[PDB]
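I have placed the structure first, in the form of structure tokens, so that the comments after it can refer back to it.
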Amino acid sequence: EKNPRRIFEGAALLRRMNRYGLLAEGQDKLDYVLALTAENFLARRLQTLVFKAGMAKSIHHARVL
Amino acid sequence: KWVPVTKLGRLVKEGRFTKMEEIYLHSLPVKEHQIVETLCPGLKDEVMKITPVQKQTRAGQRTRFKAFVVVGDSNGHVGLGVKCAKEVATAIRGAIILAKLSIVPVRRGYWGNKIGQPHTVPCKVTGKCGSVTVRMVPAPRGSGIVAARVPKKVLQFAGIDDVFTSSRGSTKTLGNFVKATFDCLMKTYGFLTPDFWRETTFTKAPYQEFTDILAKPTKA
Amino acid sequence: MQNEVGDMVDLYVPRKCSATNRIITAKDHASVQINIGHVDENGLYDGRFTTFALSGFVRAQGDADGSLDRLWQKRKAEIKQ
Amino acid sequence: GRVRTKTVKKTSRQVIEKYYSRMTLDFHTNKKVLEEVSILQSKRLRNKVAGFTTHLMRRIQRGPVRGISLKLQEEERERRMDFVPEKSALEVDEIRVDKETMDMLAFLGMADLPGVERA
Amino acid sequence: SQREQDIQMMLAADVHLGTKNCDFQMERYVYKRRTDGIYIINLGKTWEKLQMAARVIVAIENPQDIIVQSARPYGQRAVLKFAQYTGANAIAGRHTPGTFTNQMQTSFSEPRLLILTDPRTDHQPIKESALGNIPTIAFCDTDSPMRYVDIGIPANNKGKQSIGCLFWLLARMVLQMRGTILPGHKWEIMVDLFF
Amino acid sequence: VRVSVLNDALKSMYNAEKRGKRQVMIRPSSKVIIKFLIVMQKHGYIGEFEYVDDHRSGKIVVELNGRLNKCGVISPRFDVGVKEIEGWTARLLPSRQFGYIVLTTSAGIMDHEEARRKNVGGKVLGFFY
RNA sequence: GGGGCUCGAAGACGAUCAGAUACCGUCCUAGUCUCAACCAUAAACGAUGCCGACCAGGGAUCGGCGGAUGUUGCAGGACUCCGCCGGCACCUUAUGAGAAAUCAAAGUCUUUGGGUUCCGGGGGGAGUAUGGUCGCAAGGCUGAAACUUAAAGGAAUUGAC
Ligand SMILES: [Mg+2]
Ligand SMILES: [Mg+2]
Ligand SMILES: [Mg+2]
Numbered sequence: 066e067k068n069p070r071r072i073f074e075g076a077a078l079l080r081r082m083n084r085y086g087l088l089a090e091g092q093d094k095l096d097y098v099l100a101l102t103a104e105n106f107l108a109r110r111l112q113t114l115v116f117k118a119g120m121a122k123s124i125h126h127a128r129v130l
Numbered sequence: 048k049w050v051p052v053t054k055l056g057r058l059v060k061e062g063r064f065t066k067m068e069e070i071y072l073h074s075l076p077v078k079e080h081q082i083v084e085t086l087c088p089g090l091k092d093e094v095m096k097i098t099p100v101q102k103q104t105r106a107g108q109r110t111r112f113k114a115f116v117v118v119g120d121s122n123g124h125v126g127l128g129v130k131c132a133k134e135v136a137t138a139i140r141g142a143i144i145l146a147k148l149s150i151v152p153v154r155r156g157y158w159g160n161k162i163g164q165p166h167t168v169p170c171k172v173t174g175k176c177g178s179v180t181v182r183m184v185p186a187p188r189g190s191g192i193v194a195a196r197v198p199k200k201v202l203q204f205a206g207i208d209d210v211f212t213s214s215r216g217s218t219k220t221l222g223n224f225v226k227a228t229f230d231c232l233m234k235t236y237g238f239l240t241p242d243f244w245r246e247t248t249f250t251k252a253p254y255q256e257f258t259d260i261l262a263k264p265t266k267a
Numbered sequence: 001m002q003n004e005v006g007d008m009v010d011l012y013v014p015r016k017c018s019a020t021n022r023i024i025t026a027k028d029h030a031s032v033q034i035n036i037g038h039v040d041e042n043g044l045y046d047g048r049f050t051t052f053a054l055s056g057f058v059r060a061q062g063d064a065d066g067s068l069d070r071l072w073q074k075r076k077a078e079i080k081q
Numbered sequence: 002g003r004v005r006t007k008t009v010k011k012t013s014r015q016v017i018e019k020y021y022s023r024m025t026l027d028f029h030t031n032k033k034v035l036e037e038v039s040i041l042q043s044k045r046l047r048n049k050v051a052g053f054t055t056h057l058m059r060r061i062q063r064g065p066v067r068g069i070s071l072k073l074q075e076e077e078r079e080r081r082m083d084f085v086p087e088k089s090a091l092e093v094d095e096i097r098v099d100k101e102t103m104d105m106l107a108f109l110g111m112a113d114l115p116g117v118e119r120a
Numbered sequence: 013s014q015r016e017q018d019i020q021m022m023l024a025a026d027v028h029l030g031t032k033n034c035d036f037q038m039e040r041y042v043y044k045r046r047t048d049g050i051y052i053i054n055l056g057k058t059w060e061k062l063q064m065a066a067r068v069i070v071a072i073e074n075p076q077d078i079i080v081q082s083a084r085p086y087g088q089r090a091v092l093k094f095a096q097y098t099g100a101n102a103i104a105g106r107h108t109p110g111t112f113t114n115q116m117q118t119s120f121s122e123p124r125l126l127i128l129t130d131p132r133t134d135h136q137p138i139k140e141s142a143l144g145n146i147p148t149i150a151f152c153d154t155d156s157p158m159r160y161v162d163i164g165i166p167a168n169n170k171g172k173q174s175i176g177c178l179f180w181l182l183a184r185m186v187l188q189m190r191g192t193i194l195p196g197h198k199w200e201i202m203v204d205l206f207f
Numbered sequence: 002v003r004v005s006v007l008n009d010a011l012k013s014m015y016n017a018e019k020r021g022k023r024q025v026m027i028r029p030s031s032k033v034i035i036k037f038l039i040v041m042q043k044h045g046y047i048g049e050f051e052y053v054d055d056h057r058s059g060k061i062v063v064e065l066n067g068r069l070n071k072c073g074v075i076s077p078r079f080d081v082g083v084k085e086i087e088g089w090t091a092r093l094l095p096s097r098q099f100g101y102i103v104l105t106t107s108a109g110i111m112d113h114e115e116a117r118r119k120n121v122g123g124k125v126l127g128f129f130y
């Protein structure tokens with residue numbers, strides 16, 4: 066834990082996750098990021114967000130748009 | 048429909064139990080398959096193989112189909128059944144019965160941290176069945192099951208989420224492979240970790256603390 | 001065993017043999033458990049007992065009788081006899 | 002040959018087990034009792050059963066056999082509880098002690114027991 | 013009763029005699045060996061060993077599931093009683109395999125305790141009790157395996173006096189512990205001795 | 002010939018432990034054996050043990066408490082730095098939650114967690130868990 | 001070089017057999033015995049390298065030693081009982097191992113590490129070709145490749161014979 070080559074990139078990894086909407090504000094530990102899964106990433110795609118924002122009739126209409 | 052024939056089943060049928068961990072606690076020899084039906088809520092059943100074995104008689108070859116079945120909800124309970132019968136239907140049914148009869152508990156530990164819902168075997172555990180030796184080693188939270196199809200099915204039914212597996216010997220032999228996997232899953236609850244060695248307290252066995260209703264109230 | 005909250009996570013806590021301390025597996029069908037009742041000064045069973053558990057290994061060894069005898073001699077000292 | 006089928010053996014054993022009170026030694030009496038105490042279709046099977054029952058009465062009139070039960074000596078209970086003498090067979094005086102047992106009674110036991118002997 | 017009376021009685025019943033040899037067990041029970049090779053097994057330890065056995069067996073208050081077994085045809089009379097003096101059951105002579113493991117057998121009866129005349133004679137019930145978590149008590153002599161029997165009383169199982177007197181003494185102290193025998197004397201004059 | 006008394010001691014102790022014995026005898030004794038036993042006892046894996054002076058090499062009588070699963074030496078005594086301990090932990094130990102590796106560092110004989118605490122390395126004597 | 005009884009590779013004859021350079025009979029040479037030199041191989045086997053520690057029980061036996069014991073047509077010798085060390089083995093049982101047969105070591109192995117030597121990598125070709133080297137020779141030690149092949153093999157099981 067007291068290793069700087071753990072603290073620095075642990076902070077960086079958590080910062081990237083909290084920046085991309087993957088980890089929640091209640092998951093600020095290096096253990097939660099090990100529990101990530103593919104659908105977490107696929108939920109942040111622009112097509113997925115366009116579909117879920119109500120702008121597209123379907124997730125294929127979102128990709129077409 | 049069901050008339051219990053043993054003390055444990057006669058004790059279960061009216062509802063003197065909630066789970067089956069107390070039966071494990073006293074290592075009671077479960078011998079009726081409706082006990083696990085009543086106690087364990089969820090049971091799933093997939094047959095693994097239907098191998099035709101043969102015995103050469105003077106006339107011809109008498110063939111019998113032997114079926115392998117794996118039982119257990121993915122929450123720490125798993126069992127294995129093997130049954131050889133004249134035709135596949137009775138083999139499958141009897142193997143299901145035996146698998147349900149052979150349910151054992153598995154111990155799930157953590158890799159390096161105690162964030163809830165344990166997901167891994169606690170220690171390095173091995174199991175040998177003839178020649179097939181299988182080893183499972185703890186894995187981090189996101190690893191998943193690293194094993195062949197057979198140990199993967201057994202561990203999925205056991206409730207394990209991540210593990211690192213190895214193998215040695217003729218793993219093509221399905222019977223020995225799956226028996227070694229299940230056997231070492233039993234051993235997972237056998238290692239003496241430093242946490243377990245708090246001094247033990249003793250509790251009356253079901254045969255001893257239910258003596259009042261077991262002297263001569265035969266079936267009423 | 002213990003979660004970060006501080007709760008149980010395993011299904012149950014097993015028994016361990018009172019002679020060799022090795023734990024008793026849920027499929028150990030040679031493992032037994034003996035309740036030795038205690039008496040009063042007159043020699044009347046008072047309804048309380050001391051419980052011992054023996055694993056299948058120590059039984060199959062043949063040292064179950066010696067281990068149980070030694071355990072009883074050691075244990076009766078605290079609670080008189 | 003002349004050996005008896007398990008059916009006739011079994012039925013003879015049962016009729017003797019439950020109807021030893023009146024049934025007699027003659028074969029014809031045995032069969033005339035069998036015809037109404039049990040339903041046997043074949044007449045010659047009935048004859049075989051009656052003859053077999055007669056043979057076992059010959060067997061039993063000398064002593065008990067391993068087949069039948071009820072009134073469990075042959076007809077009357079209380080055979081061995083009457084073998085209780087007015088004095089116990091176990092004596093207490095000069096009771097069979099040798100040199101090494103004398104050394105034992107010199108050990109934790111009491112060397113002045115009532116039954117100690119110099120033998 | 014007082015240990016002196018029981019000790020002198022088993023001295024009368026020749027319960028202290030051993031065999032020409034012993035196994036690597038029971039040296040905790042022997043005293044020494046005679047010049048002829050016989051063993052002189054210390055009755056003193058036997059007394060409180062069967063006393064602790066009595067403590068064990070009056071602890072379950074449901075004597076129905078206590079089978080006393082005797083394969084040898086020499087101690088059948090003793091096992092015949094000790095089953096109505098107490099509430100225990102008793103199977104004499106022949107023990108059909110499967111009565112402790114086969115749940116479809118007509119004679120299926122799983123106990124909480126087994127009492128055996130001799131571990132050498134009826135080893136089959138011992139091996140079968142090993143598959144059901146059945147605690148076992150036997151009257152082991154020298155040259156008797158300790159393989160699965162859990163409480164072993166060091167007595168003789170080849171004598172008319174030894175068996176019978178020993179069984180009666182056990183039953184007497186068991187009834188005493190149960191409280192039925194308030195301080196008194198024997199009302200069960202020796203009947204179990206062989207005819 | 003007796004080339005490593007530590008292996009004989011550990012093997013005899015482990016063999017006695019598997020058989021359910023309550024005491025074990027170790028002959029001959031030595032200072033490194035005493036230090037290994039002291040570490041094991043401090044972590045709570047054995048109990049009492051007494052050294053008997055026979056004027057030649059000494060014996061040890063050790064009291065077992067049933068808590069020791071396995072204990073064994075590593076031969077030859079490979080040299081490990083502070084950065085390699087993790088690797089050996091992944092090899093000789095059941096899991097990261099418990100278990101111990103014994104190192105003979107220049108600060109003395111200790112376990113691997115203490116070596117990480119003091120940030121020192123050395124050779125590997127054995128392991129126990 | 002001596003010796004050379006018996007037995008007996010080679011050889012001859014008789015017999016059996018469709019055939020019998022074999023099995024069965026008889027006569028026999030080198031050999032079998034020994035001395036002085038060569039060879040260096042065997043199912044040279046416990047098919048199990050040597051040294052060390054630990055881990056079940058039992059009885060018998062061989063050598064030495066300690067103790068007790070009470071008999072010899074005679075302290076000691078013979079005999080009986082107990083114990084210690086060393087050896088050849090044997091019996092029972094895994095709680096051990098192993099594919100199993102089986103093994104008290106072939107155990108203390110995925111919970112893998114006491115020291116050290118030799119040595120194996122699917123079956124053939126093949127212990128063959130050639131080179132080197134020892135030998136009078138027969139031969140020994142070292143020892144391939146091209147090519148071919150999907151099995152060869154171990155233990156146990158049920159039938160059939
Ligand atoms: Mg060779
Ligand atoms: Mg000698
Ligand atoms: Mg090859």
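Residue numbers (the entry's author numbering), protein chains in the order written: chain BJ, 66 to 130; chain BC, 48 to 267; chain BV, 1 to 81; chain BR, 2 to 120; chain BA, 13 to 207; chain BW, 2 to 130.
Where is the CB? At the ideal position from N, CA and C, for every residue including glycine.
CB contact check: residue i to chain BW, cutoff 7 Å
i, result
"BC:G237", "no"
Cross-strand partners of residue i (DSSP beta bridge)
i, result
"BA:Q81", "BA:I103 and BA:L128"
"BW:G127", "BW:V74 and BW:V103"
"BC:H73", "In the DSSP output, where bridge partners are listed per residue, BC:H73 has none listed."
Within chain BV, partners of residue i - CB distance below 7 Å
i, result
"BA:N145", "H29, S31 and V32"
"BC:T247", "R15 and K16"
Under 8 Å by beta carbon: chain BC residues contacting residue i
i, result
"BW:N70", "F238 and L239"
"BV:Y12", "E68, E69, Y71, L72 and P152"
Residue-chain proximity (residue i, chain BA), Cβ-Cβ < 7 Å
i, result
"residue 144 of chain BR", "Outside the shown range of chain BR (2 to 120) lies residue 144 of chain BR, about which nothing can therefore be said."
"BC:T85", "no"
Partner residues on chain BV for residue i, Cβ-Cβ distance less than 9 Å
i, result
"BW:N66", "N21"
Chain BV within 7 Å of residue i, Cβ atoms only
i, result
"BW:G21", "yes"
"BC:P76", "yes"
Partner residues on chain BW for residue i, Cβ-Cβ distance less than 7 Å
i, result
"BC:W244", "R68"
"BV:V58", "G21"
Residue i: contacting residues in chain BA (beta-carbon distance under 8 Å)
i, result
"BV:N35", "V68, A71 and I72"
"BC:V52", "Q115, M116 and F120"
"BC:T258", "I72, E73 and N74"
For residue j and residue i, believed in contact at Cβ under 8 Å, the rounded distance
i, j, result
"BC:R63", "BC:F257", "6 Å"
"BV:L11", "BC:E84", "No, BV:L11 and BC:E84 are not in contact; Cβ-Cβ is about 18 Å, not under 8 Å."
"BR:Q74", "BR:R80", "5 Å"
Cutoff 7 Å: residue i Cβ touching any chain BR Cβ
i, result
"BA:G164", "no"
Chain BC contact for residue i (CB, 7 Å cutoff)
i, result
"BA:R106", "no"
"BA:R124", "yes"
"residue 119 of chain BV", "Given a span of 1 to 81 for chain BV in the structure shown, any question on residue 119 of chain BV remains unanswerable."
Chain-ordered neighbours of residue i on chain BC, where CB pairs are closer than 7 Å
i, result
"BA:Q76", "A262"
Please list the residues of the segment 158-188 of chain BC that have a C-beta atom closer than 8 Å to any C-beta atom in chain BW, keeping them in chain order.
-> Those would be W158, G159, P169, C170, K171 and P185, in chain order.
Using Cβ-Cβ distances below 7 Å, what residues of the segment 24-46 of chain BA are close to chain BR?
-> Listed by position along the chain: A24, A25, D26, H28, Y43, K44 and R46.
Determine which residues of the segment 97-110 of chain BR have a Cβ less than 9 Å from any Cβ of chain BA, and write them out in chain order.
-> Those residues of the segment 97-110 of chain BR that come within reach of chain BA (Cβ to Cβ, closer than 9 Å) are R97, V98, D99, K100, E101, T102, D104, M105, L106, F108, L109 and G110.
Taking a Cβ distance cut-off of 9 Å, strictly less, list which residues of the segment 71-105 of chain BJ are near chain BC, in chain order.
-> Look at the segment 71-105 of chain BJ: the residues with a C-beta under 9 Å from a C-beta of chain BC are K94, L95, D96, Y97, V98, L99, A100, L101 and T102.
Note down, in chain order, all residues in the segment 96-120 of chain BW with a beta-carbon under 8 Å from any beta-carbon belonging to chain BC.
-> The segment 96-120 of chain BW vs chain BC, Cβ under 8 Å: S96, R97, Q98 and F99.
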